[PDB]
Each structure stands twice: as structure tokens, then as C-alpha cells.
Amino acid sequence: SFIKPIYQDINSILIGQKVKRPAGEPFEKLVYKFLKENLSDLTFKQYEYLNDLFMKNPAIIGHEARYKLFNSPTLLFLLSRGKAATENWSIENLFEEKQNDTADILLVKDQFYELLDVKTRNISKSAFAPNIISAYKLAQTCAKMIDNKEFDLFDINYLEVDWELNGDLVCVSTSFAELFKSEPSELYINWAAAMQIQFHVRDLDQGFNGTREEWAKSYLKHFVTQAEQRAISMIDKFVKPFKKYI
């Protein structure tokens, strides 16, 4: 992680900070801005990242060509836009943001990538652990890590930003965590909720003590297990209760 080193300054900086008001999504703008002010050469929005990468090789055109530019089936898988969209990319037609992009920020250096996703959170309101990342996307991710044996390329990390309403919104606190540093098997997969791993960064454990490859293998086990179970529970929850009306 490139950002733990200065997490305290981030912490201190953000705590206090305020934003306008019509959820606290725009708090991420500040993270990016701050990160942009103390890690300039490592910080990109994910679209911003693709852009630079496609600008650096203006001759490489066409999506299959541009895809080769990643040098990593896995990173290829997490950061890249679609074929047509890769096809039609151009200096006059840059990538813009996209709800469904994996990361909110990339910190990259010496060909190591940190994918930062910023979970905002209204602590005054209830406490509903939010979507973290797709369980299925995380699974395909692991398969690739083994299949290409890319176990020392990137990490997925989270920066919670707590805030509350005050006349203006203001961050009262923040947490930070590392995905690949948590227990694969304790991860809560919410299937209906777009199959999203769900937790509060605050409460995420970091006691994991094995290799990255092991982690992938343990996650894939958890996933498959929960997948089998879910298939079964659907009969109970979704069929059984309604057979009677037929």
C-alpha cells in the first residue's frame, strides 16, 4: 500500500473537511485531490489511468492492440473498458467516469498497483454495511491470479470516510483496510445485493497470515461454498413460500 505511509495526514486532513449538500460521494473528490497533492505521480482516476496509457501509445489503435498494452490478463480484467469503447477511444474522445468501474483511485508505482475504493458513510443514519466489491468479480479475479500466477501485482484497499449532517456535510472520522489482508472465509457475500461482499471497513479484520496465492485459493473455496448454499436457500425462500398459490 502506497497510502498507509501517510494515512495519518489523510486521516487528520479529511477529518474536519466539509462539502455542500443536496450521498457523501463527493468526499472522494477530496481524497483524490489530497492524494493528488502528496502522491502526484501515483494517483489516477481509473479512467484517467486508461487515458494516459492510451495517449502514451497513439499508434496502438484498435481494441485488441490496446488490450495487449496492459501486460497483465488480470489488471486487464479489472481496469479495462469494453471492446467497442476501447475501439473508439481517442484523444478527442477520452474515457469519462463510469458508475461501474472497479476502483475510485489508482496508486501505482514501479508497476505495482493499489486499487482504492472509497466507501462513504452516513453514521448518523443507520448502519448498513454497503456493497464493497462483487463477489463474482473477486472470484474471476482470483482465478486469473492463479492461472497467470500474478500473485505480487496489486492489492484492493478501502478507505472509509465517516461523516454526518451539520446544517453542509462533514467527515467526523475515517477508517482504512486491506482486502487481501483479511480472512477470505469470513467475508460476507450478499447475493441479492448484486452479489456484493459487504462490510464496514472499520470492522474488517487484518489477521490474515499466508501467501497471496493461498488467499485466492481460500477465497475461491468460500465463494463456491456460499454459492452452493445460496442455490439451495432459494428453494426455501423463493419457491416454497409461493408453491401454494399454484
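A residue's number is simply how far along the shown sequence it sits, counting from 1. For the two forms, the rigid core is made up of the largest set of C-alpha atoms that agree within 1.5 Å on superposition.
After a core fit, the C-alpha atoms in 6 other deposited structures of this protein lie farther on average from the shown form in one of 11-19 and 221-229, namely 11-19. Greater C-alpha displacement in 6 other deposited structures of this protein (rigid core superposition, RMS over structures and residues), of 237-245 versus 2-10: 237-245. Per the compared records, residue 26 is unresolved in at least a third of the other entries whose models span it. Gap check for residue 22 to residue 23: 4 to 9 deposited residues are absent from the model. The segment from residue 167 to residue 168 is interrupted, since 1 to 3 residues of the deposited sequence in that interval carry no coordinates. In this entry, 148-156 has the higher mean Cα B-factor, the comparison being between 132-140 and 148-156. Higher mean CA temperature factor between 206-214 and 46-54: 206-214, per the PDB entry. Between the residues 123, 78, 116, 85, the entry's highest C-alpha temperature factor is the one at 123. Among the modelled residues of its chain, residue 74 has a C-alpha B-factor that falls in the middle third according to the deposited record. Among all modelled residues in its chain, residue 161 ranks in the middle third by Cα B-factor. Residue 181: CA B factor lies in the lowest third for its chain, per the PDB record.
In the deposited entry, the Cα temperature factor of residue 189 sits in the bottom third of values across the chain's modelled residues. Ranked by C-alpha B-factor against the other modelled residues of its chain, residue 221 falls in the lowest third.
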